[PDB]
Number of protein chains: 2
Amino acid sequence: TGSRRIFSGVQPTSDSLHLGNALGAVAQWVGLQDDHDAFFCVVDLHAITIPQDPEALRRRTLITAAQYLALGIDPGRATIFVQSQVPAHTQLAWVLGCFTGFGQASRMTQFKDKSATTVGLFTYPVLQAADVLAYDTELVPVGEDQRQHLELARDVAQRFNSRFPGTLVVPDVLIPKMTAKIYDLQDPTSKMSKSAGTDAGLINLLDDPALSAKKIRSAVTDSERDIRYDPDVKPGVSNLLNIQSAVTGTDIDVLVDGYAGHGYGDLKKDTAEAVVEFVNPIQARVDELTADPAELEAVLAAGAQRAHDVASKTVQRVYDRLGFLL
Amino acid sequence: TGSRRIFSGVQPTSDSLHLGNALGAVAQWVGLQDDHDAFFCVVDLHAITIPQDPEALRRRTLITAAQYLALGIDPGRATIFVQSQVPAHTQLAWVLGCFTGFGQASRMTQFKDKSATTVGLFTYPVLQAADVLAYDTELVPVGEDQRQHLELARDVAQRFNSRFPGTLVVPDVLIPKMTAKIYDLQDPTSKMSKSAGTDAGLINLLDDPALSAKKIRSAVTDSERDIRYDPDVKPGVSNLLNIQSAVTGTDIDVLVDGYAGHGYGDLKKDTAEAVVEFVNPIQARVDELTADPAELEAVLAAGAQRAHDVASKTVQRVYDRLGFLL
Ligand SMILES: Nc1ncnc2c1ncn2[C@@H]1O[C@H](COP(=O)(O)OP(=O)(O)OP(=O)(O)O)[C@@H](O)[C@H]1O
Ligand SMILES: Nc1ncnc2c1ncn2[C@@H]1O[C@H](COP(=O)(O)OP(=O)(O)OP(=O)(O)O)[C@@H](O)[C@H]1O
Ligand SMILES: CNC1=NC(=O)[C@H]([C@H](C)c2c[nH]c3cccc(C)c23)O1
Ligand SMILES: CNC1=NC(=O)[C@H]([C@H](C)c2c[nH]c3cccc(C)c23)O1
Ligand SMILES: [Mg+2]
Ligand SMILES: [Mg+2]
């Protein structure tokens, strides 16, 4: 159909998604794609807010699409496409920036975090708003770190509609609970990110499974020697249970009860072993999709045509409302 | 041909161009269009950096195109088109913003002038750079007030080419001399602009000719009672001679010599009378083009197709260089 419209995206900024991308975003997408009209985007225009190697940016664009498919995104149910192939994104982004307070974009966390900012680092939340609003998106499945961004997208949509009623769908932010943050393994306070310097706390989907298992087995826990889920008091330990729960389907309580009398060594064992079991089918699927790119680029080609059909209607509806000559 | 490529634009922010637009920009375009490949744009995407009435924005978009034709732009020689109908502008603008220093865009005069800025008020110089660079533009005919903007366009083009040699043409800024500033008549210090509050110092092309002549006859001169061209010491008086010279074809020296023994009353007489003679053929042409819009919208339609053919090649060349999957 075209109801319960969903939109979400990941940047092709690296050679692998990490567990946070896969559990905190892409896993939700796979549940949702059955009964939602879903658009899943590789957002390459966002990638170049930071300098990118061209051969790498292209290779990583395809690899990010491939990890979508290997994680279960289904091209028969959903639409996968590359942001830069749909001009409507930047068109709407220009418009939306005209309804976006400068201070409103200054107070955005990553701009506070730096401010050698560029205009692109400053305005990318506006382009993110156009990414979502261009597809009449009803819900946006993202992790917790994307919430402030999408309240800007909602506010600008409401500011625009106040002048032009009924023009843009105001999206609901759909954020998970536990998996909403997979934490670094060497620092279970901050999120597992591609920006914490060392890959040591970072579990990449496509890394060497024995290497990821080694990082898990080396994870920072605490001293209580009690396996119990409490993210404040037990950062490392709750993260690992969160990880093991997410890649297995077992609730955390059923896990914590099965861990009565067990130690933290047993906890890392099983989590590593389940992660390895999780990533190996992914890597096999990714390897074939990289070696046989017909499938993957047909998907992207069908996705881009479908995205353009939708997104360009939105842009002309906006343009008409603004008074542009069409 | 396709050599000596020219690009320039005016915002459809009002119901009339004023003498500054017509003498400081559009008159240069008409001289240039004979031996230059020229693209002349109605830049409506810039207009909405400030709230615009939709019925007015559309009507003024066409009226600005029409004043181009009534001032002598020739659709057989040049290309006239509406900015918003060519998606490449915002596409390139997103890219260029990633190569544009935040401080570099902060130091831009109009942002200093305000800073309730929006993102659009902050980033419009970047979109202006994409407007020009998207057409492999060799020269940009503009008045003196657009110089700081186009040094940003040149710098960003050079910053981009440093990473990707040979990708973007670096445009030369082509600025006139005398007409490079037509001044307000009630304040011959500052430029005649649509933003000085009172239309009283403002000569609109399409205003009532007797009203414009009245404003001229009421112009602030000085006390020397000597007709001589010196813009510092003689602000009002040099402006009027500048105006009369520009709308007649007579050099200022030939004028000043013919004004030996004459007073300032005679100076306003002739300038008003020559302006009236200038604007009446314009208004007749504009009136027909508004009443018979077939011609005008065929021009814009041919222009937009030609602009898209050029501008989209630039964008794909840029995208390829960046490493986007095409
Ligand atoms: N540690 C994490 N836990 C859960 N979700 C995450 C995590 N990191 C990112 N996400 C989610 O992944 C999606 C895309 O994130 P993004 O592409 O910015 O990756 P990232 O890990 O933040 O990389 P980068 O440091 O390059 O920004 C969003 O829905 C975001 O909420
Ligand atoms: N007073 C002026 N004298 C000479 N050229 C001018 C003058 N004002 C604008 N121009 C030229 O007209 C072109 C477009 O100007 P623009 O569309 O910004 O008009 P404007 O008069 O500045 O109106 P606004 O106040 O809405 O910006 C540019 O090439 C600019 O240099
Ligand atoms: C640097 N650019 C950027 N950093 C982010 O955190 C967002 C994000 C990747 C993003 C861009 N477009 C989107 C559309 C829907 C959902 C999301 C998460 C996004 O963009
Ligand atoms: C608010 N926007 C804006 N204020 C300006 O002064 C420029 C200008 C109208 C502009 C936009 N695009 C252009 C391309 C070529 C030449 C010029 C003069 C322009 O834009
Ligand atoms: Mg991020
Ligand atoms: Mg201006």
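Heavy atoms only: backbone and side chains are in, while hydrogens, waters and symmetry mates are out. Sequence lines set the chain letters: A, B, ... in the order given, protein chains first and strands last, and positions in each chain run from 1. Every number for a ligand or one of its atoms is a count from 1 in the order of the listing.
By the criterion of a heavy-atom distance under 4.0 Å, both the backbone and the side chain of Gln11(A) are placed next to ligand 1. Contacts between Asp145(B) and ligand 4, counted as non-hydrogen atom pairs separated by less than 4.0 Å, are absent for every part of the residue.
Short contacts between ligand 1 and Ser193(A), defined as distances under 4.0 Å to a heavy atom of the residue, involve ligand atoms 25 (O). For ligand 1, the atoms closer than 4.0 angstrom to any heavy atom of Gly24(A) are 4 (C), 5 (N). Of all the atoms in ligand 1, the ones that sit under 4.0 Å from a non-hydrogen atom of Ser195(A) are 25 (O).
For atom 13 (C) of ligand 4, the closest non-hydrogen atom of the protein is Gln128(B) CG, 3.6 Å. In terms of protein heavy-atom proximity, atom 11 (C) of ligand 4 is nearest to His46(B) NE2, 3.3 Å.
Using a non-hydrogen distance threshold of 4.0 Å, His149(B) registers as a contact of ligand 4. Contact annotation: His46(A) has no heavy atom less than 4.0 Å from any atom of ligand 1.
In terms of N/O distances under 3.5 Å, ligand 1 is approached by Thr13(A). Considering backbone and side-chain N/O atoms, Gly143(A) comes within less than 3.5 Å of an N/O atom of ligand 1.
Distance alone, capped at 3.5 Å, places no donor-acceptor pair between the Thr100(B) side chain and the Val119(A) backbone.
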